[PDB]
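For reference, the chain that follows is the form deposited in one PDB entry, supplied as structure tokens.
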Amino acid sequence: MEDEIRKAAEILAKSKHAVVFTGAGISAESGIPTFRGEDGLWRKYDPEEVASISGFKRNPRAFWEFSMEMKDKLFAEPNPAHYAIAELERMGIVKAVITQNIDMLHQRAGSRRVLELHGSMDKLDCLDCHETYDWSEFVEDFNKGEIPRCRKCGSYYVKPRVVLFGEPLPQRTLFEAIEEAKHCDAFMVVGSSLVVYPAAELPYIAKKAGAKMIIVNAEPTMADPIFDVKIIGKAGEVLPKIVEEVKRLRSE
């Protein structure tokens, strides 16, 4: 109920190094479907098939069609959950965001420190000649429904710098994520089923370290019982109410 939101807000209000872990859930209200439930059904291709380093090579066009598909929009924008987190960062509470999302919606919402376990599409590399590119370089190509193509050698294997099925995670980033869980005073999960490594392990790491924990998700997860506050609902509706309640605690 509203009571759970109260306790979440009370934990955050007295934290100065909170960490927020987000999954596909936090971006569903931005038009980017998750890989679960009806969303997984909605999507045509199987992510493990078309979104692997193998699939990318055998059929780059399908990879892009799958990766860019959205609900009633071409490009996504941050929803109130993203802004709510960036706000908490301005209020001196949130000092880091660890995400498995590759949509860069946290940065665009104003988050200053974002650890991207799966990278992002901010940059791309030609796998044949190694020319590097900024996302902005193919804006016109995408606009007309075409896929990225290397201007230097003509290759269609311009791979975005994200972790595809069959590749390792960014270690400098993985290490920072764990170290982040190890010294945060509050650890809040938002929009994650806590299934994809290290999502299932970070919560236990932060708890051992003594952090207070909160989880905001549309459905329950196996780790729910170890959290202090459990909230079932949409991230875009819950987070902003938590922020407001934190402001009210600091005001009144």
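Rigid core: the largest C-alpha set superposing within 1.5 Å between the two forms. Counting begins at 1, following the sequence as shown.
Quick note: we don't show the form deposited in another entry, though the next part is all about it.
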**Message:** Following rigid core alignment, is the displacement of the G154 C-alpha between this form and the one not shown equal to or greater than 2 angstroms?
**Reply:** yes
**Asked** Superposing on the rigid core, does the Cα of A199 end up 2 Å or more away between this form and the one not shown?
**Response** yes
**Request:** For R90, state whether the C-alpha moves by 2 Å or more between this form and the one not shown after rigid core superposition.
**Result:** no
**Complete:** Checking the C-alpha spacing of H82 and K73, a student should find that in the other entry it changes by 3 angstroms or more, with the atoms closer
**Asked** How does the C-alpha distance between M68 and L115 change in the other entry compared with the present structure, closer or farther, given a change of 3 angstroms or more?
**Response** farther
